Amino acid sequence: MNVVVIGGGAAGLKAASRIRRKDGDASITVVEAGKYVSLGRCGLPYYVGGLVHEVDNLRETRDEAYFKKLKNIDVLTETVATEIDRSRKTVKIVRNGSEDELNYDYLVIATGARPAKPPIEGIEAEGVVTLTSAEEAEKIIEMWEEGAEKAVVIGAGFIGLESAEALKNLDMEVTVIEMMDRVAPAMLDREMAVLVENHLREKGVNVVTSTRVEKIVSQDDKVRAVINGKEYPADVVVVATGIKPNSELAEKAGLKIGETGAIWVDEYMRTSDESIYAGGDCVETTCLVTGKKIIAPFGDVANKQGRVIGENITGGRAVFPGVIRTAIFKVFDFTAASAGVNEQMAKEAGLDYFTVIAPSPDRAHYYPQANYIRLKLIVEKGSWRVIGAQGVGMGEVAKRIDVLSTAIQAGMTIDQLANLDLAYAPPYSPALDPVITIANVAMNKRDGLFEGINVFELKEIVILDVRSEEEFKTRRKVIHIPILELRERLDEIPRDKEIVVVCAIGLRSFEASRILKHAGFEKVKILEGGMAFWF
Amino acid sequence: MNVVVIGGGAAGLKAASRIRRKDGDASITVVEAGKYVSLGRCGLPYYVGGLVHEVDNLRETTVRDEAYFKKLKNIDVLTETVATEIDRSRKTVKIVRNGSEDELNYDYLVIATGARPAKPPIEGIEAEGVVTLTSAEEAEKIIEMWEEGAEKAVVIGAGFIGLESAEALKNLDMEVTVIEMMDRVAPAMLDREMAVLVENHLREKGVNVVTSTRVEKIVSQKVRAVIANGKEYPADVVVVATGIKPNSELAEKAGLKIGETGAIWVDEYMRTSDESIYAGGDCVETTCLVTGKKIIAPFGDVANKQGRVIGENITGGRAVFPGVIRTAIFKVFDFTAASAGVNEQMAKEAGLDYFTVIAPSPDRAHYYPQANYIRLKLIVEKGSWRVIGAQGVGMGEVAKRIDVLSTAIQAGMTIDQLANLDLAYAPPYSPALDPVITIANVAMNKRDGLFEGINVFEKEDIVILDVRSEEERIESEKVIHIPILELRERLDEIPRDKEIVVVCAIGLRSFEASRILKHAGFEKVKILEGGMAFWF
Ligand SMILES: Cc1cc2nc3c(=O)[nH]c(=O)nc-3n(C[C@H](O)[C@H](O)[C@H](O)COP(=O)(O)OP(=O)(O)OC[C@H]3O[C@@H](n4cnc5c(N)ncnc54)[C@H](O)[C@@H]3O)c2cc1C
Ligand SMILES: Cc1cc2nc3c(=O)[nH]c(=O)nc-3n(C[C@H](O)[C@H](O)[C@H](O)COP(=O)(O)OP(=O)(O)OC[C@H]3O[C@@H](n4cnc5c(N)ncnc54)[C@H](O)[C@@H]3O)c2cc1C
Ligand SMILES: CC(C)(COP(=O)(O)OP(=O)(O)OC[C@H]1O[C@@H](n2cnc3c(N)ncnc32)[C@H](O)[C@@H]1OP(=O)(O)O)[C@@H](O)C(=O)NCCC(=O)NCCS
Ligand SMILES: CC(C)(COP(=O)(O)OP(=O)(O)OC[C@H]1O[C@@H](n2cnc3c(N)ncnc32)[C@H](O)[C@@H]1OP(=O)(O)O)[C@@H](O)C(=O)NCCC(=O)NCCS
Ligand SMILES: [Ca+2]
Ligand SMILES: [Ca+2]
């Protein structure tokens with residue numbers, strides 16, 4: 001048969017490659033609009049930053065010849081598909097300025113997504129870019145070659161912050177302007193995003209939240225951006241404020257657009273027309289924790305979908321049930337990562353939930369280069385199914401979020417979580433993995449064992465520092481009694497007042513809280529996270 | 001309530017601690033036969049190897065002795081007190097402390113006596129220089145014999161303890177030999193195809209290894225070990241790492257039930273025959289969850305999980321420990337080796353009909369710096385399509401993929417649901433499709449029959465189709481070289497007569513070669529799953 005696919009990225013070409021494997025004499029035409037094809041855009045930041053030496057490192061082991069000689073896939077570069085005709089099973093295209101028509105039996109719509117442009121003045125001014133194409137990344141390189149030293153990023157998304165770091169590695173002053181309460185809003189709660197935020201500031205990236213941008217001042221077509229009513233010079237601006245899926249070829253063909261604005265498909269990835277599969281960044285998908293439909297615009301999602309499309313055109317049955325939003329990005333020295341549902345979207349899903357956060361050693365506390373990762377876990381009440389997890393930190397958080405991610409897709413309970421046999425040795429984890437121990441911490445709050453509160457809760461009431469050595473401390477109703485000294489002292493403690501137990505990262509806070517309870521104290525609050533989030 | 005606990009292993013003191021947090025009034029007494037309470041054994045190798053400066057560190061928080069457990073948890077820890085007999089009718093425990101004999105009254109009793117090292121019945125096994133890494137005493141015995149100038153060593157056992165000892169001892173710039181009776185290093189964890197990698201990294205790091213050899217005698221004056229083939233290996237230190245025995249003897253002497261393994265039997269609640277007697281840690285029988293088999297999982301993580309549930313039910317709860325999956329990990333030099341779930345040998349002895357697949361893949365996006373290629377092996381059950389075991393070895397982050405796959409195995413995931421698993425991907429952390437997702441797809445490619453793959457084990461007429469660019473490789477004998485990007489065209493070269501075995505660097509471009517020829521109708525085309533990596 002002949003298959004025509006509209007794309008050129010992860011989705012398009014993986015779909016193409018799998019159909020080639022299943023059928024060796026199907027006719028596969030991939031229609032692409034740009035010069036480059038199969039480019040590893042999921043790296044462009046690390047190219048700007050210098051980790052990657054040249055852009056062709058993100059297409060390697062890859063021109064049209066590669067796809068011809070290897071897979072016998074005919075890829076037409078710099079050709080636009082301008083209309084789909086489902087009645088004649090045709091795709092009209094433009095090439096060399098002379099139009100033509102491709103006839104298909106199966107068709108892949110894999111058109112990706114474009115950067116959403118905030119409707120504001122000066123957006124098209126020179127020096128305002130997006131990190132969507134090789135070309136735009138390079139332009140950032142030429143303006144730094146030409147004397148650019150100040151940068152504004154709009155948006156603390158993972159693309160935003162990675163272009164923040166990429167740009168600071170160019171020795172530019174970076175300021176990031178975020179619309180929301182905290183940095184990385186899709187992935188994190190305030191509670192946690194504080195950390196990331198302060199790490200950025202500590203690396204010379206300035207970060208301002210809960211502000212829009214009003215205008216982009218341009219001189220001779222340059223820049224400076226008006227925050228709240230402030231100005232932030234800028235020789236470049238990268239706009240990273242979300243995406244908008246390239247679905248209009250699909251809508252103008254009668255294909256069904258779901259409430260995200262993106263092409264609706266089913267589990268099989270077929271679109272409304274049976275002959276017409278679509279997948280990747282242009283397509284809607286289901287959040288399997290809540291079942292709401294969303295756009296999960298990631299590269300792993302794209303390969304997974306594009307393969308299921310490939311398999312189906314070839315006659316098989318394969319499903320892509322949905323996603324859970326497990327994302328991860330890398331900041332200077334911190335990792336941040338998210339799985340399942342966070343507090344805002346757990347709220348908008350109507351789920352009754354409870355929250356617990358417990359940081360833990362990376363590897364054996366005594367082994368060299370052990371770090372403290374900070375995990376927050378969101379558990380659904382009654383069922384006790386775990387519905388979200390998030391992590392930020394200095395050392396190895398990615399593994400904990402991968403395990404908690406597959407735990408959440410398993411619908412595991414904090415009960416069956418706590419006894420998950422994990423791979424432990426002193427260089428890899430402590431005896432009970434951070435994921436284990438926060439399972440236990442969830443059940444100590446659930447079982448009402450301890451009553452627990454976060455750090456935003458500032459009401460300054462007595463705070464007890466069950467610590468022991470102050471090099472970093474808080475100023476003050478601060479009474480200090482070492483945990484080891486507590487069984488004995490305990491006299492200072494007053495009672496009849498709210499005492500909020502506070503240790504270094506909350507372990508000893510727990511072990512005190514229960515000590516006080518035995519004592520007879522009525523109000524004891526343990527500070528989740530501990531001095532881990534005090535800053 | 002007063003609760004007694006035999007031994008301050010991990011299990012013993014986590015059990016006691018969990019009780020303490022839920023009951024401030026209970027009397028908790030812990031009896032310990034040795035001087036040191038709560039030492040972290042899992043770190044003694046890295047102590048000997050020098051990563052950890054002081055033995056005492058393995059007992060720190062940022063020294064956690066009886067005064068610690070008294071001042072902080074109001075737990076009465078009795079050091080150097082041996083528990084000699086338990087009597088369930090009397091509900092008492094006889095202790096000998098100070099060469100005097102007393103008794104301990106109890107309402108609930110916890111047995112957490114751990115395991116002693118199994119000692120192979122050999123002549124000279126009690127000579128000087130022969131050690132186990134079971135206690136801080138034996139560990140610093142090693143360090144002092146090196147201080148006195150020992151340079152030759154022999155390890156018996158390619159288990160994790162033995163292997164960690166090989167690296168620790170070689171870090172002292174000694175010449176280290178490992179002798180293991182079975183055909184492969186790390187038998188309980190790995191298969192031969194995988195186990196050879198670990199082996200070869202050991203020899204390329206200068207710890208020499210002899211497999212499929214027994215130890216027959218130890219000579220002395222002060223050591224030297226004669227090995228099978230009567231090969232004699234000089235020795236100035238030997239560590240025996242041959243396995244363990246659960247310290248369950250007071251239990252059967254008290255009439256409690258001993259399981260088929262020799263360890264104390266426990267139910268899911270971690271109780272024994274006597275309900276007043278809970279038992280956990282290295283002395284207890286456990287369930288392997290994929291096969292239902294009864295086993296001994298003498299690991300520190302299972303010890304603490306049990307210890308917590310034990311403490312939870314003494315203190316009026318409902319704790320459950322269903323078993324384990326035998327997910328273990330060790331580090332040898334620049335390599336990491338890990339297993340979860342069932343292994344080939346244990347799968348056939350469990351009688352399950354399964355298939356296997358091997359597919360190495362990059363640590364991170366190939367263009368990102370410090371990408372390594374981990375090797376994953378996946379054992380998937382027939383009919384169900386459940387993933388029942390995985391092994392991974394390599395330089396790079398393998399541990400992540402075995403933690404995720406171990407989770408999938410305990411959740412009963414099939415390769416079909418494994419392929420869709422939403423993981424955390426960004427160029428510095430994984431490639432677009434994580435190695436786990438890729439092996440899932442390669443498995444569904446075996447099950448779907450799209451490729452016939454065979455392992456690193458070939459003397460039959462056949463042409464080895466080599467797709468690669470630079471040959472720096474198999475050398476020869478029926479090898480035809482055609483790089484993959486020219487293969488589409490150059491075909492009347494590959495004789496459409498003989499069985500073809502496509503071999504590439506990692507196994508990936510081979511799959512696209514094998515399918516290319518499938519289109520060409522070659523029929524008798526098979527593939528080397530694993531790639532060039534599994535080769536000598
Ligand atoms: C800077 C950056 C960093 C990223 N980092 C990550 C990350 O860390 N992790 C992650 O998971 N994801 C990341 N992504 C996202 C990832 O790139 C996308 O999810 C993935 O590229 C999806 O590709 P796709 O095939 O859906 O669309 P694309 O890869 O965008 O492919 C679009 C192609 O379609 C072609 N096209 C579109 N419409 C037409 C038409 N009408 N006619 C002809 N051709 C057309 C265009 O030529 C374009 O070549 C990142 C993206 C960017 C930009
Ligand atoms: C060198 C080494 C490295 C290891 N590495 C790892 C690893 O990397 N990963 C991993 O998962 N596991 C590892 N382990 C295993 C881990 O130590 C065990 O799983 C764990 O120690 C078992 O806990 P336990 O308390 O049951 O045993 P133990 O901690 O040994 O507790 C036994 C205690 O009971 C006391 N006792 C015993 N009998 C009596 C008696 N009759 N009277 C009084 N007291 C008694 C003994 O004094 C001892 O103090 C390692 C073990 C060793 C030795
Ligand atoms: C690679 C790309 C062109 C598709 O090419 P592909 O041939 O389909 O993908 P691979 O190179 O890994 O080979 C894929 C197949 O070989 C298989 N394979 C077989 N043995 C294997 C082995 N030992 N190891 C790895 N893969 C193996 C894989 O399972 C996969 O199987 P499948 O055909 O059933 O799907 C596409 O992913 C792309 O466009 N990448 C650039 C866009 C992108 O992802 N950007 C993100 C930037 S980080
Ligand atoms: C340390 C030991 C005695 C257990 O004592 P413990 O006080 O109960 O263990 P911890 O120090 O971790 O404190 C654990 C408690 O703090 C809880 N906790 C509460 N909030 C926490 C937080 N924010 N972070 C960490 N722990 C927290 C833990 O869940 C746990 O409570 P719980 O199990 O009752 O539900 C035992 O593990 C041991 O002997 N370790 C050495 C033996 C060993 O592990 N050897 C292997 C060498 S690596
Ligand atoms: Ca994802
Ligand atoms: Ca384990």
# chains A, B, ... in the order shown; residues from 1 in each chain; ligands from 1
call {"tool": "residues_near_ligand", "arguments": {"ligand": "ligand 2", "cutoff": "7 Å", "atoms": "only C-alpha atoms and all ligand atoms", "output": "compact mmCIF listing (two decimals) with C-alpha atoms, in the first residue's frame"}}
result
# COMPACT_ATOMS: atom_id res chain seq x y z
CA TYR A 424 19.81 -1.81 47.51
CA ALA A 425 23.55 -1.59 48.14
CA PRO A 426 25.41 1.15 50.05
CA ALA A 431 18.68 0.14 53.41
CA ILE B 6 17.37 -11.16 70.63
CA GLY B 7 20.04 -9.26 68.80
CA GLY B 8 20.69 -5.84 67.57
CA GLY B 9 20.86 -6.56 63.92
CA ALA B 10 18.87 -4.36 61.67
CA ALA B 11 15.71 -6.30 62.10
CA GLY B 12 16.08 -6.44 65.87
CA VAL B 31 20.10 -8.65 74.03
CA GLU B 32 23.28 -8.57 71.92
CA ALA B 33 26.01 -11.23 71.90
CA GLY B 34 28.77 -9.02 70.55
CA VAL B 37 25.19 -2.81 68.68
CA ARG B 41 27.41 -4.50 58.00
CA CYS B 42 26.59 -3.70 54.38
CA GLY B 43 29.42 -1.11 54.55
CA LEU B 44 32.27 -3.26 55.89
CA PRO B 45 33.64 -3.89 52.35
CA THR B 81 24.69 -11.04 76.58
CA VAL B 82 23.94 -14.32 74.85
CA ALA B 83 20.41 -15.70 74.70
CA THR B 84 20.77 -19.45 75.35
CA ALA B 112 16.23 -11.53 65.12
CA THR B 113 19.44 -13.46 65.40
CA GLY B 114 20.54 -13.08 61.82
CA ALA B 115 22.71 -15.67 60.08
CA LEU B 133 33.35 -10.21 56.33
CA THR B 134 30.60 -10.79 58.84
CA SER B 135 31.79 -8.52 61.62
CA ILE B 161 29.88 -10.43 49.41
CA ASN B 247 20.76 -18.48 63.26
CA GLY B 280 12.35 -11.58 61.20
CA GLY B 281 15.61 -10.81 59.54
CA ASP B 282 18.24 -13.21 58.23
CA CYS B 283 16.90 -16.15 60.28
CA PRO B 298 19.31 -12.59 53.78
CA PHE B 299 19.33 -8.94 52.78
CA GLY B 300 19.36 -5.71 54.73
CA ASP B 301 16.36 -4.17 52.98
CA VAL B 302 14.16 -7.18 53.68
CA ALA B 303 15.46 -7.15 57.24
CA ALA B 328 19.82 -7.50 44.48
CA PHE B 330 26.25 -4.97 43.69
call {"tool": "closest_atom_pairs", "arguments": {"of": "chain A", "to": "ligand 5", "cutoff": "8 Å", "atoms": "only C-alpha atoms and all ligand atoms", "output": "Markdown table"}}
result
| residue | atom | partner | partner_atom_place_in_ligand_line | distance |
| --- | --- | --- | --- | --- |
| A:296 | CA | ligand 5 | 1 (Ca) | 8.0 |
| A:298 | CA | ligand 5 | 1 (Ca) | 6.3 |
| A:299 | CA | ligand 5 | 1 (Ca) | 7.7 |
| A:300 | CA | ligand 5 | 1 (Ca) | 5.7 |
| A:301 | CA | ligand 5 | 1 (Ca) | 6.1 |
| A:323 | CA | ligand 5 | 1 (Ca) | 7.2 |
| A:324 | CA | ligand 5 | 1 (Ca) | 7.3 |
| A:325 | CA | ligand 5 | 1 (Ca) | 5.6 |
| A:326 | CA | ligand 5 | 1 (Ca) | 4.5 |
| A:327 | CA | ligand 5 | 1 (Ca) | 4.9 |
| A:328 | CA | ligand 5 | 1 (Ca) | 7.9 |
call {"tool": "write_last_selection", "arguments": {"atoms": "C-alpha atoms", "output": "compact mmCIF listing (two decimals), in the first residue's frame"}}
result
# COMPACT_ATOMS: atom_id res chain seq x y z
CA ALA A 296 1.27 15.52 26.75
CA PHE A 298 6.90 15.05 25.20
CA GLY A 299 9.37 13.07 23.13
CA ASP A 300 8.94 9.79 24.94
CA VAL A 301 5.18 10.12 24.44
CA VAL A 323 0.06 9.18 30.01
CA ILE A 324 0.60 10.24 33.61
CA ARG A 325 2.73 13.36 33.04
CA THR A 326 6.01 11.95 34.46
CA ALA A 327 8.37 14.64 33.37
CA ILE A 328 11.84 15.64 34.41
call {"tool": "select_by_dssp", "arguments": {"residues": "segment 260-470 of chain B", "states": "helix (DSSP H, G or I)", "output": "PDB file with C-alpha atoms, in the first residue's frame"}}
result
ATOM      1  CA  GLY B 300      19.364  -5.710  54.732  1.00  0.00           C
ATOM      2  CA  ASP B 301      16.364  -4.171  52.981  1.00  0.00           C
ATOM      3  CA  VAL B 302      14.159  -7.178  53.683  1.00  0.00           C
ATOM      4  CA  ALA B 303      15.461  -7.154  57.239  1.00  0.00           C
ATOM      5  CA  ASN B 304      14.226  -3.600  57.936  1.00  0.00           C
ATOM      6  CA  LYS B 305      10.902  -4.013  56.123  1.00  0.00           C
ATOM      7  CA  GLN B 306      10.141  -7.054  58.270  1.00  0.00           C
ATOM      8  CA  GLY B 307      11.454  -5.379  61.398  1.00  0.00           C
ATOM      9  CA  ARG B 308       8.994  -2.545  60.831  1.00  0.00           C
ATOM     10  CA  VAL B 309       6.030  -4.819  60.328  1.00  0.00           C
ATOM     11  CA  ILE B 310       7.061  -6.915  63.386  1.00  0.00           C
ATOM     12  CA  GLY B 311       7.163  -3.775  65.498  1.00  0.00           C
ATOM     13  CA  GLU B 312       3.764  -2.783  64.060  1.00  0.00           C
ATOM     14  CA  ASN B 313       1.945  -5.937  65.174  1.00  0.00           C
ATOM     15  CA  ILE B 314       3.520  -6.334  68.579  1.00  0.00           C
ATOM     16  CA  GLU B 344      16.828 -18.754  34.019  1.00  0.00           C
ATOM     17  CA  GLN B 345      17.897 -21.590  36.316  1.00  0.00           C
ATOM     18  CA  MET B 346      15.311 -20.836  38.974  1.00  0.00           C
ATOM     19  CA  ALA B 347      12.665 -20.429  36.260  1.00  0.00           C
ATOM     20  CA  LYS B 348      13.199 -23.900  34.818  1.00  0.00           C
ATOM     21  CA  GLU B 349      13.396 -25.371  38.330  1.00  0.00           C
ATOM     22  CA  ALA B 399      20.346   0.450  38.968  1.00  0.00           C
ATOM     23  CA  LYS B 400      17.577   2.781  37.852  1.00  0.00           C
ATOM     24  CA  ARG B 401      16.316   0.331  35.215  1.00  0.00           C
ATOM     25  CA  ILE B 402      16.379  -2.610  37.614  1.00  0.00           C
ATOM     26  CA  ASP B 403      14.437  -0.609  40.252  1.00  0.00           C
ATOM     27  CA  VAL B 404      11.748   0.216  37.666  1.00  0.00           C
ATOM     28  CA  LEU B 405      11.671  -3.324  36.223  1.00  0.00           C
ATOM     29  CA  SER B 406      11.581  -4.804  39.722  1.00  0.00           C
ATOM     30  CA  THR B 407       8.505  -2.670  40.361  1.00  0.00           C
ATOM     31  CA  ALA B 408       6.888  -3.886  37.138  1.00  0.00           C
ATOM     32  CA  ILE B 409       7.608  -7.527  38.053  1.00  0.00           C
ATOM     33  CA  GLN B 410       6.043  -7.173  41.485  1.00  0.00           C
ATOM     34  CA  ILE B 415       5.755  -6.481  28.168  1.00  0.00           C
ATOM     35  CA  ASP B 416       2.748  -5.041  26.384  1.00  0.00           C
ATOM     36  CA  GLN B 417       1.941  -2.727  29.270  1.00  0.00           C
ATOM     37  CA  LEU B 418       5.663  -2.272  29.976  1.00  0.00           C
ATOM     38  CA  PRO B 435      16.276   1.143  27.936  1.00  0.00           C
ATOM     39  CA  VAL B 436      13.385  -0.525  29.819  1.00  0.00           C
ATOM     40  CA  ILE B 437      10.910   0.542  27.172  1.00  0.00           C
ATOM     41  CA  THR B 438      13.255  -0.622  24.415  1.00  0.00           C
ATOM     42  CA  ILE B 439      13.803  -4.111  25.823  1.00  0.00           C
ATOM     43  CA  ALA B 440      10.014  -4.295  26.196  1.00  0.00           C
ATOM     44  CA  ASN B 441       9.664  -3.644  22.467  1.00  0.00           C
ATOM     45  CA  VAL B 442      12.412  -6.095  21.539  1.00  0.00           C
ATOM     46  CA  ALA B 443      10.589  -8.723  23.600  1.00  0.00           C
ATOM     47  CA  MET B 444       7.284  -8.021  21.850  1.00  0.00           C
ATOM     48  CA  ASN B 445       9.299  -8.417  18.664  1.00  0.00           C
ATOM     49  CA  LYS B 446      10.336 -11.928  19.702  1.00  0.00           C
ATOM     50  CA  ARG B 447       6.855 -12.891  20.831  1.00  0.00           C
TER      51      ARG B 447
END
call {"tool": "closest_residue", "arguments": {"among": "B:450, B:131, B:210, B:185", "to": "chain A", "atoms": "only C-alpha atoms"}}
result
B:450
call {"tool": "residues_around", "arguments": {"residues": "segment 146-153 of chain B", "least_positions_apart": "4", "cutoff": "10 Å", "atoms": "only C-alpha atoms", "output": "list in words"}}
result
residues 129, 130, 140, 141, 142, 166, 169, 170, 172, 173, 174, 175, 176, 177, 178, 207, 223, 224, 225, 233, 234, 235, 236, 237, 238 and 239 of chain B
call {"tool": "closest_atom_pairs", "arguments": {"of": "chain B", "to": "ligand 3", "cutoff": "7 Å", "atoms": "only C-alpha atoms and all ligand atoms", "output": "tab-separated table"}}
result
residue	atom	partner	partner_atom_place_in_ligand_line	distance
B:358	CA	ligand 3	23 (N)	6.5
B:359	CA	ligand 3	23 (N)	3.6
B:360	CA	ligand 3	24 (N)	5.3
B:361	CA	ligand 3	24 (N)	5.4
B:365	CA	ligand 3	48 (S)	5.7
B:426	CA	ligand 3	48 (S)	7.0
B:427	CA	ligand 3	48 (S)	5.4
B:431	CA	ligand 3	48 (S)	5.9
B:432	CA	ligand 3	48 (S)	5.3
B:438	CA	ligand 3	29 (O)	5.0
B:439	CA	ligand 3	29 (O)	6.4
B:441	CA	ligand 3	29 (O)	4.6
B:442	CA	ligand 3	29 (O)	4.3
B:445	CA	ligand 3	34 (O)	6.0
B:506	CA	ligand 3	23 (N)	5.4
B:507	CA	ligand 3	23 (N)	3.7
B:508	CA	ligand 3	21 (C)	3.7
B:509	CA	ligand 3	16 (O)	6.8
B:511	CA	ligand 3	19 (C)	5.0
B:512	CA	ligand 3	16 (O)	6.5
B:529	CA	ligand 3	23 (N)	6.2
B:530	CA	ligand 3	23 (N)	5.7
B:531	CA	ligand 3	23 (N)	6.7
call {"tool": "write_last_selection", "arguments": {"atoms": "C-alpha atoms", "output": "CSV table (one decimal), in the first residue's frame"}}
result
chain,number,residue,atom,x,y,z
B,358,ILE,CA,18.7,-9.2,25.5
B,359,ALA,CA,19.0,-5.5,24.3
B,360,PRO,CA,21.6,-3.0,25.5
B,361,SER,CA,20.9,0.7,25.0
B,365,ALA,CA,20.8,10.5,24.9
B,426,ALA,CA,15.4,14.2,29.3
B,427,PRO,CA,18.7,14.0,27.4
B,431,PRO,CA,17.3,8.6,25.8
B,432,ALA,CA,13.9,9.2,24.2
B,438,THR,CA,13.3,-0.6,24.4
B,439,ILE,CA,13.8,-4.1,25.8
B,441,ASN,CA,9.7,-3.6,22.5
B,442,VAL,CA,12.4,-6.1,21.5
B,445,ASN,CA,9.3,-8.4,18.7
B,506,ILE,CA,24.7,-3.7,20.1
B,507,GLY,CA,21.9,-5.7,18.3
B,508,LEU,CA,19.8,-2.8,17.0
B,509,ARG,CA,21.0,-2.3,13.4
B,511,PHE,CA,17.2,-6.1,13.7
B,512,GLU,CA,16.8,-3.7,10.9
B,529,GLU,CA,20.6,-10.8,20.3
B,530,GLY,CA,23.0,-8.7,22.5
B,531,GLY,CA,25.3,-7.5,19.7
call {"tool": "residues_around", "arguments": {"residues": "residue 119 of chain A", "least_positions_apart": "4", "cutoff": "12 Å", "atoms": "only C-alpha atoms", "output": "list in words"}}
result
residues 123, 124, 212, 213, 214, 215, 216, 239 and 241 of chain A
call {"tool": "closest_residue", "arguments": {"among": "A:418, A:164, A:236, A:341", "to": "chain B", "atoms": "only C-alpha atoms"}}
result
A:418
call {"tool": "closest_residue", "arguments": {"among": "B:260, B:448, B:397, B:252", "to": "residue 337 of chain B", "atoms": "only C-alpha atoms"}}
result
B:397
call {"tool": "residues_around", "arguments": {"residues": "residue 483 of chain B", "least_positions_apart": "2", "cutoff": "12 Å", "atoms": "only C-alpha atoms", "output": "list in words"}}
result
residues 69 and 70 of chain A; 465, 466, 467, 468, 469, 470, 471, 480, 481, 485, 486, 487, 488, 489, 490, 491, 502, 503, 504, 505, 509, 510, 512 and 513 of chain B
call {"tool": "closest_residue", "arguments": {"among": "A:23, A:451, A:511, A:165", "to": "ligand 4", "atoms": "only C-alpha atoms and all ligand atoms"}}
result
A:511
call {"tool": "closest_residue", "arguments": {"among": "B:54, B:458, B:107, B:167", "to": "chain A", "atoms": "only C-alpha atoms"}}
result
B:54
call {"tool": "atom_distance", "arguments": {"atom1": "atom 53 (C, counted along the ligand's line) of ligand 1", "atom2": "atom CA of residue 37 of chain A"}}
result
13.8 Å
call {"tool": "closest_residue", "arguments": {"among": "B:451, B:373, B:368, B:457", "to": "chain A", "atoms": "only C-alpha atoms"}}
result
B:368
call {"tool": "closest_atom_pairs", "arguments": {"of": "chain A", "to": "ligand 6", "cutoff": "8 Å", "atoms": "only C-alpha atoms and all ligand atoms", "output": "CSV"}}
result
residue,atom,partner,partner_atom_place_in_ligand_line,distance
A:421,CA,ligand 6,1 (Ca),4.6
A:422,CA,ligand 6,1 (Ca),4.4
A:423,CA,ligand 6,1 (Ca),4.6
A:424,CA,ligand 6,1 (Ca),5.7
call {"tool": "residues_around", "arguments": {"residues": "residue 197 of chain B", "least_positions_apart": "5", "cutoff": "8 Å", "atoms": "only C-alpha atoms", "output": "list in words"}}
result
residues 393, 394 and 534 of chain B
call {"tool": "atom_distance", "arguments": {"atom1": "atom CA of residue 499 of chain A", "atom2": "atom CA of residue 393 of chain A"}}
result
28.7 Å
call {"tool": "atom_distance", "arguments": {"atom1": "atom CA of residue 267 of chain B", "atom2": "atom CA of residue 439 of chain A"}}
result
22.5 Å
